[PDB]
file my_file_35.csv (CSV, N, CA and C atoms and all ligand atoms)
chain,number,residue,atom,x,y,z
A,1091,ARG,N,-40.8,74.4,18.6
A,1091,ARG,CA,-41.0,72.9,18.4
A,1091,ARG,C,-39.8,72.1,18.7
A,1092,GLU,N,-38.7,72.5,18.1
A,1092,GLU,CA,-37.4,72.0,18.4
A,1092,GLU,C,-36.4,73.1,18.3
A,1093,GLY,N,-35.3,73.1,19.1
A,1093,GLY,CA,-34.4,74.3,19.2
A,1093,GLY,C,-34.9,75.3,20.2
A,1094,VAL,N,-34.3,76.5,20.2
A,1094,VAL,CA,-34.3,77.5,21.2
A,1094,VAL,C,-34.3,78.9,20.6
A,1095,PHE,N,-34.9,79.9,21.2
A,1095,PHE,CA,-34.9,81.3,20.7
A,1095,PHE,C,-33.6,82.0,21.0
A,1096,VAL,N,-33.1,82.7,20.1
A,1096,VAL,CA,-31.9,83.6,20.3
A,1096,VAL,C,-32.0,84.9,19.5
A,1097,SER,N,-31.2,85.9,20.0
A,1097,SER,CA,-31.1,87.1,19.2
A,1097,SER,C,-29.7,87.5,19.0
A,1098,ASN,N,-29.4,88.0,17.8
A,1098,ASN,CA,-28.1,88.5,17.4
A,1098,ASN,C,-27.9,90.0,18.0
A,1099,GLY,N,-28.9,90.5,18.8
A,1099,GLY,CA,-28.9,91.8,19.3
A,1099,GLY,C,-30.1,92.6,18.8
A,1100,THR,N,-30.4,92.6,17.5
A,1100,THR,CA,-31.4,93.4,16.8
A,1100,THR,C,-32.6,92.5,16.4
A,1101,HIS,N,-32.5,91.3,16.0
A,1101,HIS,CA,-33.5,90.4,15.5
A,1101,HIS,C,-33.6,89.1,16.3
A,1102,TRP,N,-34.8,88.5,16.3
A,1102,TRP,CA,-35.0,87.2,17.0
A,1102,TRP,C,-35.1,86.0,16.0
A,1103,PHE,N,-34.5,84.9,16.3
A,1103,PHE,CA,-34.4,83.7,15.5
A,1103,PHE,C,-34.7,82.5,16.4
A,1104,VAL,N,-35.0,81.4,15.8
A,1104,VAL,CA,-35.1,80.1,16.4
A,1104,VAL,C,-34.0,79.2,15.8
A,1105,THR,N,-33.3,78.4,16.7
A,1105,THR,CA,-32.1,77.7,16.3
A,1105,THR,C,-32.1,76.3,16.9
A,1106,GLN,N,-31.7,75.3,16.2
A,1106,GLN,CA,-31.4,74.0,16.8
A,1106,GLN,C,-30.3,74.1,17.9
A,1107,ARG,N,-30.4,73.3,19.0
A,1107,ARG,CA,-29.7,73.5,20.2
A,1107,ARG,C,-28.1,73.4,20.0
A,1108,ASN,N,-27.6,72.5,19.1
A,1108,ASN,CA,-26.2,72.1,19.0
A,1108,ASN,C,-25.5,72.6,17.8
A,1109,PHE,N,-26.0,73.6,17.1
A,1109,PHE,CA,-25.3,74.2,15.9
A,1109,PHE,C,-26.0,75.5,15.5
A,1110,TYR,N,-25.3,76.6,15.5
A,1110,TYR,CA,-26.0,77.9,15.2
A,1110,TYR,C,-26.4,78.0,13.8
A,1111,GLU,N,-27.7,77.9,13.6
A,1111,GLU,CA,-28.4,78.0,12.3
A,1111,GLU,C,-29.7,78.9,12.6
A,1112,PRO,N,-29.6,80.2,12.4
A,1112,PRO,CA,-30.7,81.1,12.7
A,1112,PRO,C,-31.8,81.0,11.7
A,1113,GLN,N,-33.0,80.7,12.1
A,1113,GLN,CA,-34.1,80.6,11.2
A,1113,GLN,C,-35.2,81.6,11.6
A,1114,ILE,N,-36.0,82.2,10.7
A,1114,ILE,CA,-37.1,83.1,11.0
A,1114,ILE,C,-38.1,82.4,11.9
A,1115,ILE,N,-38.7,83.1,12.8
A,1115,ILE,CA,-39.6,82.6,13.7
A,1115,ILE,C,-41.0,82.5,13.0
A,1116,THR,N,-41.6,81.3,12.9
A,1116,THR,CA,-42.8,81.1,12.2
A,1116,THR,C,-43.8,80.2,12.9
A,1117,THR,N,-45.0,80.2,12.5
A,1117,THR,CA,-46.1,79.2,13.0
A,1117,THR,C,-45.7,77.8,12.6
A,1118,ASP,N,-44.8,77.5,11.8
A,1118,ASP,CA,-44.2,76.2,11.5
A,1118,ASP,C,-43.1,75.8,12.5
A,1119,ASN,N,-42.2,76.7,12.9
A,1119,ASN,CA,-41.1,76.5,13.8
A,1119,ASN,C,-41.6,76.4,15.3
A,1120,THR,N,-42.8,76.9,15.6
A,1120,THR,CA,-43.3,77.2,17.0
A,1120,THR,C,-44.7,76.7,17.2
A,1121,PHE,N,-45.0,76.4,18.5
A,1121,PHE,CA,-46.4,76.0,18.9
A,1121,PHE,C,-46.9,77.0,20.0
A,1122,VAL,N,-48.2,77.3,20.0
A,1122,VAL,CA,-48.8,78.1,21.0
A,1122,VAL,C,-49.0,77.3,22.3
A,1123,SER,N,-49.0,78.0,23.5
A,1123,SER,CA,-49.7,77.5,24.6
A,1123,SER,C,-50.1,78.6,25.6
A,1124,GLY,N,-51.4,78.7,25.9
A,1124,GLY,CA,-51.9,79.8,26.8
A,1124,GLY,C,-51.6,81.2,26.3
A,1125,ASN,N,-51.3,82.1,27.3
A,1125,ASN,CA,-51.1,83.5,27.0
A,1125,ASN,C,-49.9,84.1,27.8
A,1126,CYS,N,-49.5,85.3,27.4
A,1126,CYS,CA,-48.3,85.9,27.9
A,1126,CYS,C,-48.1,86.0,29.4
A,1127,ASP,N,-49.2,86.0,30.2
A,1127,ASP,CA,-49.1,86.4,31.6
A,1127,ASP,C,-48.4,85.4,32.5
A,1128,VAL,N,-48.4,84.1,32.2
A,1128,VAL,CA,-47.9,83.0,33.0
A,1128,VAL,C,-46.4,82.8,33.0
A,1129,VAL,N,-45.8,83.0,31.8
A,1129,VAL,CA,-44.4,82.7,31.5
A,1129,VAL,C,-43.4,83.7,32.1
A,1130,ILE,N,-42.5,83.3,33.0
A,1130,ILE,CA,-41.4,84.1,33.5
A,1130,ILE,C,-40.4,84.4,32.5
A,1131,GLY,N,-40.2,85.7,32.1
A,1131,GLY,CA,-39.1,86.0,31.1
A,1131,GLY,C,-39.5,85.9,29.6
A,1132,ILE,N,-40.8,85.8,29.3
A,1132,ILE,CA,-41.2,85.9,27.9
A,1132,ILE,C,-40.9,87.3,27.3
A,1133,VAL,N,-40.8,87.3,26.0
A,1133,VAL,CA,-40.4,88.6,25.2
A,1133,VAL,C,-41.3,88.8,24.0
A,1134,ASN,N,-41.4,90.0,23.5
A,1134,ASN,CA,-42.3,90.3,22.4
A,1134,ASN,C,-41.5,90.4,21.0
A,1135,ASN,N,-42.0,89.6,20.0
A,1135,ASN,CA,-41.6,89.7,18.7
A,1135,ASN,C,-42.7,89.3,17.7
A,1136,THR,N,-42.6,89.6,16.4
A,1136,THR,CA,-43.4,89.0,15.4
A,1136,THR,C,-43.2,87.5,15.3
A,1137,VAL,N,-44.2,86.7,15.1
A,1137,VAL,CA,-44.1,85.4,14.5
A,1137,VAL,C,-44.7,85.4,13.1
A,1138,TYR,N,-43.9,85.1,12.1
A,1138,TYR,CA,-44.4,85.1,10.7
A,1138,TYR,C,-45.3,83.9,10.4
A,1139,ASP,N,-46.4,84.2,9.8
A,1139,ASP,CA,-47.4,83.1,9.5
A,1139,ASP,C,-47.3,82.8,8.0
A,1140,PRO,N,-46.7,81.7,7.5
A,1140,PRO,CA,-46.3,81.5,6.1
A,1140,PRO,C,-47.5,81.5,5.1
A,1141,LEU,N,-48.7,81.2,5.6
A,1141,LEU,CA,-49.9,81.1,4.8
A,1141,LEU,C,-50.4,82.5,4.3
A,1142,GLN,N,-50.2,83.5,5.1
A,1142,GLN,CA,-50.9,84.8,4.8
A,1142,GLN,C,-50.4,85.5,3.5
A,1143,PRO,N,-49.1,85.5,3.2
A,1143,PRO,CA,-48.7,86.1,1.8
A,1143,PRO,C,-49.2,85.2,0.7
A,1144,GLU,N,-49.4,83.9,0.8
A,1144,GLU,CA,-50.0,83.1,-0.2
A,1144,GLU,C,-51.5,83.5,-0.5
A,1145,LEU,N,-52.3,83.6,0.6
A,1145,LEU,CA,-53.7,84.0,0.5
A,1145,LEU,C,-53.8,85.5,0.1
A,1146,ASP,N,-52.8,86.3,0.4
A,1146,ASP,CA,-52.8,87.7,0.0
A,1146,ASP,C,-52.6,87.9,-1.5
A,1147,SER,N,-52.2,86.9,-2.3
A,1147,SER,CA,-52.2,87.0,-3.8
A,1147,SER,C,-53.6,87.1,-4.4
B,893,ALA,N,-18.3,74.0,28.7
B,893,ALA,CA,-19.6,74.5,29.3
B,893,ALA,C,-20.2,75.6,28.4
B,894,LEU,N,-21.4,75.5,28.0
B,894,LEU,CA,-22.1,76.6,27.3
B,894,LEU,C,-23.2,77.1,28.3
B,895,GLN,N,-23.2,78.4,28.6
B,895,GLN,CA,-24.3,78.8,29.6
B,895,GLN,C,-25.7,78.7,29.0
B,896,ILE,N,-26.7,78.4,29.8
B,896,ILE,CA,-28.1,78.4,29.5
B,896,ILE,C,-28.9,78.7,30.7
B,897,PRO,N,-29.9,79.5,30.7
B,897,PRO,CA,-30.7,79.9,31.9
B,897,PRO,C,-31.3,78.6,32.5
B,898,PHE,N,-31.4,78.5,33.8
B,898,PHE,CA,-31.9,77.3,34.5
B,898,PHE,C,-33.3,76.9,34.1
B,899,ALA,N,-34.2,77.9,34.1
B,899,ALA,CA,-35.6,77.7,33.6
B,899,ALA,C,-35.7,77.2,32.2
B,900,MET,N,-34.6,77.3,31.4
B,900,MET,CA,-34.5,76.9,30.0
B,900,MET,C,-33.8,75.5,29.9
B,901,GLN,N,-32.8,75.2,30.7
B,901,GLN,CA,-32.3,73.9,30.9
B,901,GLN,C,-33.4,73.0,31.3
B,902,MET,N,-34.2,73.3,32.3
B,902,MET,CA,-35.3,72.4,32.8
B,902,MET,C,-36.4,72.2,31.7
B,903,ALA,N,-36.6,73.1,30.8
B,903,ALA,CA,-37.5,72.9,29.6
B,903,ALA,C,-36.9,71.8,28.7
B,904,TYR,N,-35.6,71.8,28.5
B,904,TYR,CA,-34.9,70.8,27.8
B,904,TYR,C,-35.0,69.5,28.5
B,905,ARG,N,-34.9,69.4,29.8
B,905,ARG,CA,-35.1,68.2,30.6
B,905,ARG,C,-36.5,67.7,30.5
B,906,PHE,N,-37.5,68.5,30.5
B,906,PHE,CA,-38.9,68.1,30.3
B,906,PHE,C,-39.2,67.5,28.9
B,907,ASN,N,-38.7,68.1,27.8
B,907,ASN,CA,-38.7,67.5,26.5
B,907,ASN,C,-38.0,66.1,26.5
B,908,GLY,N,-36.9,66.0,27.2
B,908,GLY,CA,-36.2,64.7,27.4
B,908,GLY,C,-37.0,63.6,28.0
B,909,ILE,N,-38.1,63.9,28.7
B,909,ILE,CA,-39.1,62.9,29.2
B,909,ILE,C,-40.4,62.8,28.4
B,910,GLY,N,-40.5,63.5,27.3
B,910,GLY,CA,-41.8,63.6,26.6
B,910,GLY,C,-42.9,64.4,27.2
B,911,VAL,N,-42.6,65.4,28.0
B,911,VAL,CA,-43.5,66.4,28.6
B,911,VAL,C,-43.3,67.7,27.8
B,912,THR,N,-44.2,68.2,27.1
B,912,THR,CA,-44.0,69.3,26.2
B,912,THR,C,-43.6,70.5,27.0
B,913,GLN,N,-42.6,71.3,26.7
B,913,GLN,CA,-42.0,72.2,27.6
B,913,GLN,C,-42.8,73.4,28.1
B,914,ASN,N,-43.9,73.7,27.4
B,914,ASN,CA,-44.9,74.7,28.0
B,914,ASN,C,-45.4,74.3,29.3
B,915,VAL,N,-45.5,73.0,29.6
B,915,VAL,CA,-45.8,72.4,30.9
B,915,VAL,C,-44.9,72.9,32.0
B,916,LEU,N,-43.6,73.2,31.7
B,916,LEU,CA,-42.7,73.8,32.7
B,916,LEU,C,-43.0,75.2,32.9
B,917,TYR,N,-43.1,76.0,31.8
B,917,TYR,CA,-43.3,77.5,32.0
B,917,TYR,C,-44.6,77.8,32.6
B,918,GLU,N,-45.7,77.1,32.2
B,918,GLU,CA,-47.0,77.3,32.8
B,918,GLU,C,-47.0,77.0,34.3
B,919,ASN,N,-46.1,76.2,34.8
B,919,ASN,CA,-46.0,75.7,36.2
B,919,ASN,C,-44.7,76.0,36.9
B,920,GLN,N,-43.9,77.0,36.4
B,920,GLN,CA,-42.5,77.2,36.8
B,920,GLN,C,-42.4,77.5,38.3
B,921,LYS,N,-43.2,78.3,38.9
B,921,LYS,CA,-43.2,78.6,40.3
B,921,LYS,C,-43.6,77.4,41.1
B,922,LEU,N,-44.6,76.6,40.7
B,922,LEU,CA,-44.9,75.3,41.4
B,922,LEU,C,-43.8,74.3,41.3
B,923,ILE,N,-43.1,74.1,40.1
B,923,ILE,CA,-42.1,73.2,39.9
B,923,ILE,C,-40.8,73.6,40.7
B,924,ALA,N,-40.5,74.9,40.8
B,924,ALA,CA,-39.5,75.4,41.7
B,924,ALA,C,-39.8,75.1,43.1
B,925,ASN,N,-41.0,75.4,43.6
B,925,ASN,CA,-41.4,75.1,45.0
B,925,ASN,C,-41.3,73.6,45.3
B,926,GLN,N,-41.8,72.8,44.5
B,926,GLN,CA,-41.7,71.3,44.7
B,926,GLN,C,-40.2,70.9,44.8
B,927,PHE,N,-39.4,71.4,43.9
B,927,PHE,CA,-37.9,71.1,44.0
B,927,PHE,C,-37.3,71.6,45.3
B,928,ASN,N,-37.5,72.9,45.6
B,928,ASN,CA,-37.0,73.5,46.9
B,928,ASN,C,-37.4,72.7,48.1
B,929,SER,N,-38.7,72.4,48.2
B,929,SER,CA,-39.3,71.6,49.3
B,929,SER,C,-38.7,70.2,49.3
B,930,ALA,N,-38.5,69.5,48.2
B,930,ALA,CA,-37.9,68.2,48.1
B,930,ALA,C,-36.5,68.2,48.6
B,931,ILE,N,-35.7,69.2,48.2
B,931,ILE,CA,-34.3,69.4,48.8
B,931,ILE,C,-34.4,69.7,50.3
B,932,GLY,N,-35.4,70.4,50.8
B,932,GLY,CA,-35.7,70.5,52.2
B,932,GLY,C,-35.9,69.2,52.9
B,933,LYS,N,-36.7,68.3,52.4
B,933,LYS,CA,-36.9,66.9,52.9
B,933,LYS,C,-35.6,66.1,52.9
B,934,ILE,N,-34.7,66.3,52.0
B,934,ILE,CA,-33.4,65.6,52.1
B,934,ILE,C,-32.6,66.0,53.4
B,935,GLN,N,-32.6,67.3,53.7
B,935,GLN,CA,-31.9,67.7,54.9
B,935,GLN,C,-32.5,67.2,56.2
B,936,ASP,N,-33.9,67.2,56.3
B,936,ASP,CA,-34.6,66.7,57.4
B,936,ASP,C,-34.4,65.2,57.5
B,937,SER,N,-34.5,64.4,56.4
B,937,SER,CA,-34.2,63.0,56.4
B,937,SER,C,-32.8,62.6,56.9
B,938,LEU,N,-31.8,63.2,56.3
B,938,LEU,CA,-30.4,63.0,56.7
B,938,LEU,C,-30.1,63.4,58.1
B,939,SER,N,-30.6,64.6,58.5
B,939,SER,CA,-30.3,65.2,59.8
B,939,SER,C,-30.9,64.3,61.0
B,940,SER,N,-32.0,63.7,60.8
B,940,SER,CA,-32.6,62.7,61.8
B,940,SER,C,-32.1,61.3,61.6
B,941,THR,N,-32.1,60.8,60.4
B,941,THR,CA,-32.0,59.3,60.1
B,941,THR,C,-30.6,58.8,59.9
B,942,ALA,N,-29.9,58.5,61.0
B,942,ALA,CA,-28.5,58.0,61.0
B,942,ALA,C,-28.3,56.7,60.2
A,1201,LIG,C1,-29.2,90.4,13.0
A,1201,LIG,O1,-29.7,89.6,11.8
A,1201,LIG,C2,-30.5,90.4,10.8
A,1201,LIG,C3,-30.9,89.5,9.7
A,1201,LIG,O2,-29.8,88.7,9.3
A,1201,LIG,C4,-29.5,91.5,10.3
A,1201,LIG,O3,-30.3,92.5,9.4
A,1201,LIG,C5,-29.9,92.5,8.0
A,1201,LIG,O4,-28.6,93.3,8.0
A,1201,LIG,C6,-28.1,93.4,6.6
A,1201,LIG,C7,-26.8,94.2,6.7
A,1201,LIG,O5,-25.9,93.6,7.7
A,1201,LIG,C8,-29.1,94.1,5.7
A,1201,LIG,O6,-28.6,94.0,4.3
A,1201,LIG,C9,-30.4,93.4,5.7
A,1201,LIG,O7,-31.4,94.1,4.9
A,1201,LIG,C10,-30.9,93.3,7.2
A,1201,LIG,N1,-32.2,92.6,7.3
A,1201,LIG,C11,-33.2,93.0,8.0
A,1201,LIG,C12,-34.5,92.1,8.0
A,1201,LIG,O8,-33.2,94.0,8.7
A,1201,LIG,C13,-29.0,92.4,11.4
A,1201,LIG,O9,-28.1,93.4,10.9
A,1201,LIG,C14,-28.3,91.5,12.5
A,1201,LIG,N2,-27.8,92.3,13.6
A,1201,LIG,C15,-26.6,92.1,14.2
A,1201,LIG,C16,-26.3,93.0,15.4
A,1201,LIG,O10,-25.8,91.2,13.8
A,1202,LIG,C1,-45.3,93.2,25.2
A,1202,LIG,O1,-46.2,94.0,24.4
A,1202,LIG,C2,-47.4,94.4,25.1
A,1202,LIG,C3,-48.4,95.1,24.1
A,1202,LIG,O2,-48.5,94.3,22.9
A,1202,LIG,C4,-47.1,95.3,26.3
A,1202,LIG,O3,-48.3,95.5,27.0
A,1202,LIG,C5,-48.5,96.9,27.5
A,1202,LIG,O4,-47.8,97.2,28.7
A,1202,LIG,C6,-47.9,98.6,29.2
A,1202,LIG,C7,-47.2,98.6,30.6
A,1202,LIG,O5,-47.7,97.6,31.5
A,1202,LIG,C8,-49.4,99.0,29.3
A,1202,LIG,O6,-49.5,100.4,29.6
A,1202,LIG,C9,-50.2,98.6,28.1
A,1202,LIG,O7,-51.6,98.9,28.3
A,1202,LIG,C10,-50.0,97.2,27.7
A,1202,LIG,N1,-50.8,96.8,26.5
A,1202,LIG,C11,-51.5,95.7,26.4
A,1202,LIG,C12,-52.2,95.5,25.0
A,1202,LIG,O8,-51.6,94.9,27.3
A,1202,LIG,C13,-46.1,94.6,27.2
A,1202,LIG,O9,-45.7,95.5,28.2
A,1202,LIG,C14,-44.8,94.1,26.4
A,1202,LIG,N2,-44.0,93.2,27.3
A,1202,LIG,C15,-42.7,93.2,27.3
A,1202,LIG,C16,-42.0,92.2,28.2
A,1202,LIG,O10,-42.0,94.0,26.5
A,1203,LIG,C1,-50.6,69.9,41.5
A,1203,LIG,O1,-50.0,69.4,42.7
A,1203,LIG,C2,-49.6,70.4,43.7
A,1203,LIG,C3,-49.0,69.7,44.9
A,1203,LIG,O2,-47.7,69.2,44.7
A,1203,LIG,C4,-50.7,71.4,44.0
A,1203,LIG,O3,-50.2,72.5,44.7
A,1203,LIG,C5,-50.7,72.7,46.1
A,1203,LIG,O4,-52.0,73.4,46.0
A,1203,LIG,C6,-52.7,73.6,47.3
A,1203,LIG,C7,-54.0,74.4,47.0
A,1203,LIG,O5,-54.7,73.7,46.0
A,1203,LIG,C8,-51.7,74.3,48.3
A,1203,LIG,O6,-52.3,74.2,49.6
A,1203,LIG,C9,-50.3,73.6,48.3
A,1203,LIG,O7,-49.5,74.4,49.2
A,1203,LIG,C10,-49.7,73.5,46.9
A,1203,LIG,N1,-48.4,72.9,47.0
A,1203,LIG,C11,-47.4,73.5,46.4
A,1203,LIG,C12,-46.0,72.7,46.4
A,1203,LIG,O8,-47.4,74.6,45.8
A,1203,LIG,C13,-51.3,71.9,42.7
A,1203,LIG,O9,-52.4,72.8,43.1
A,1203,LIG,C14,-51.8,70.8,41.8
A,1203,LIG,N2,-52.4,71.3,40.6
A,1203,LIG,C15,-53.4,70.8,40.0
A,1203,LIG,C16,-54.0,71.5,38.7
A,1203,LIG,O10,-54.0,69.7,40.4
A,1204,LIG,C1,-32.2,88.8,35.1
A,1204,LIG,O1,-31.2,89.3,36.0
A,1204,LIG,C2,-31.4,90.4,37.0
A,1204,LIG,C3,-30.9,89.9,38.4
A,1204,LIG,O2,-31.6,88.7,38.7
A,1204,LIG,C4,-32.9,90.9,37.1
A,1204,LIG,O3,-32.9,92.4,37.3
A,1204,LIG,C5,-33.7,90.7,35.8
A,1204,LIG,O4,-35.0,91.2,36.0
A,1204,LIG,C6,-33.7,89.3,35.4
A,1204,LIG,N1,-34.6,89.0,34.3
A,1204,LIG,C7,-35.4,87.9,34.2
A,1204,LIG,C8,-36.2,87.8,32.9
A,1204,LIG,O5,-35.5,87.2,35.2

call {"tool": "encode", "arguments": {"input": "my_file_35.csv", "output": "structure tokens"}}
result
Amino acid sequence: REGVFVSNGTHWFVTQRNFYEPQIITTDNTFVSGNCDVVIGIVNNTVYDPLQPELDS
Amino acid sequence: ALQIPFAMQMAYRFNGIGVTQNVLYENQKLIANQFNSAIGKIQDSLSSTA
């Protein structure tokens, strides 16, 4: 939504463009569009959905 | 200078005009071809038009 994806080598994070602040990738930090096939250089990682552990209680 | 991939710099340029950056990635080959062709037209324009 704002910022850019980065990896420390082992894990994937989203970060604001002008200061390194690594945050977990979530359905709040990110928006969907279309599917994997169209994007040049897309990568595979989990996106954590913050609602699911709440409803898992 | 901080390096950034050019297809990712252009996504920042698209957000800078209020076009959501998925519009670049979904059209990256088209946007690249329109840019390459437009630089083509500059050479033809300048080469002919004194
Ligand atoms: C990349 O970031 C992750 C998360 O900050 C690091 O994984 C953690 O590493 C510490 C030890 O350094 C462990 O105590 C945590 O349990 C780890 N968390 C997870 C979710 O695995 C990871 O080590 C970092 N990698 C690099 C190369 O810096
Ligand atoms: C991202 O993950 C998907 C699976 O979730 C990978 O898709 C598989 O790719 C291989 C090789 O083309 C196929 O044999 C499988 O049948 C594919 N599975 C599915 C469900 O499509 C994909 O290759 C991964 N992409 C990257 C860039 O790592
Ligand atoms: C958006 O506009 C471009 C033209 O700039 C369209 O791309 C052309 O599509 C036709 C076939 O429909 C081709 O003959 C041209 O060679 C294409 N031009 C380029 C530069 O690739 C594009 O199809 C349009 N898209 C939509 C959804 O209207
Ligand atoms: C990045 O660099 C090399 C040379 O262009 C190429 O082999 C590799 O596939 C490229 N990856 C992407 C995602 O374009």

call {"tool": "atom_distance", "arguments": {"input": "my_file_35.csv", "atom1": "atom CA of residue 1104 of chain A", "atom2": "atom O4 of ligand LIG 1202 (chain A)"}}
result
24.6 Å

call {"tool": "closest_residue", "arguments": {"input": "my_file_35.csv", "among": "A:1137, A:1132, A:1115, A:1145", "to": "chain B", "atoms": "only C-alpha atoms"}}
result
A:1132

call {"tool": "interface_residues", "arguments": {"input": "my_file_35.csv", "of": "chain A", "to": "chain B", "cutoff": "8 Å", "atoms": "all atoms listed in the file", "output": "number ranges by chain"}}
result
A: 1122-1124, 1128-1130

call {"tool": "atom_distance", "arguments": {"input": "my_file_35.csv", "atom1": "atom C13 of ligand LIG 1202 (chain A)", "atom2": "atom N of residue 1121 of chain A"}}
result
20.2 Å

call {"tool": "residues_near_ligand", "arguments": {"input": "my_file_35.csv", "ligand": "ligand LIG 1201 (chain A)", "cutoff": "7 Å", "atoms": "all atoms listed in the file", "output": "count of residues only"}}
result
6

call {"tool": "residues_near_ligand", "arguments": {"input": "my_file_35.csv", "ligand": "ligand LIG 1203 (chain A)", "cutoff": "10 Å", "atoms": "only C-alpha atoms and all ligand atoms", "output": "number ranges by chain"}}
result
B: 919, 921-930

call {"tool": "select_by_dssp", "arguments": {"input": "my_file_35.csv", "residues": "chain A", "states": "strand (DSSP E or B)", "output": "PyMOL selection string"}}
result
chain A and resi 1094-1097+1102-1105+1113+1116+1138

call {"tool": "residues_around", "arguments": {"input": "my_file_35.csv", "residues": "residue 1117 of chain A", "least_positions_apart": "3", "cutoff": "6 Å", "atoms": "all atoms listed in the file", "output": "PDB file with N, CA and C atoms, in the coordinates of the input"}}
result
ATOM      1  N   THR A1120     -42.800  76.900  15.600  1.00  0.00           N
ATOM      2  CA  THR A1120     -43.300  77.200  17.000  1.00  0.00           C
ATOM      3  C   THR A1120     -44.700  76.700  17.200  1.00  0.00           C
ATOM      4  N   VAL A1137     -44.200  86.700  15.100  1.00  0.00           N
ATOM      5  CA  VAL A1137     -44.100  85.400  14.500  1.00  0.00           C
ATOM      6  C   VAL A1137     -44.700  85.400  13.100  1.00  0.00           C
ATOM      7  N   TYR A1138     -43.900  85.100  12.100  1.00  0.00           N
ATOM      8  CA  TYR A1138     -44.400  85.100  10.700  1.00  0.00           C
ATOM      9  C   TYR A1138     -45.300  83.900  10.400  1.00  0.00           C
ATOM     10  N   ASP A1139     -46.400  84.200   9.800  1.00  0.00           N
ATOM     11  CA  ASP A1139     -47.400  83.100   9.500  1.00  0.00           C
ATOM     12  C   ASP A1139     -47.300  82.800   8.000  1.00  0.00           C
ATOM     13  N   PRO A1140     -46.700  81.700   7.500  1.00  0.00           N
ATOM     14  CA  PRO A1140     -46.300  81.500   6.100  1.00  0.00           C
ATOM     15  C   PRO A1140     -47.500  81.500   5.100  1.00  0.00           C
TER      16      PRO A1140
END

call {"tool": "atom_distance", "arguments": {"input": "my_file_35.csv", "atom1": "atom CA of residue 933 of chain B", "atom2": "atom CA of residue 895 of chain B"}}
result
29.0 Å

call {"tool": "residues_near_ligand", "arguments": {"input": "my_file_35.csv", "ligand": "ligand LIG 1202 (chain A)", "cutoff": "7 Å", "atoms": "all atoms listed in the file", "output": "ChimeraX atom specification"}}
result
/A:1131-1134
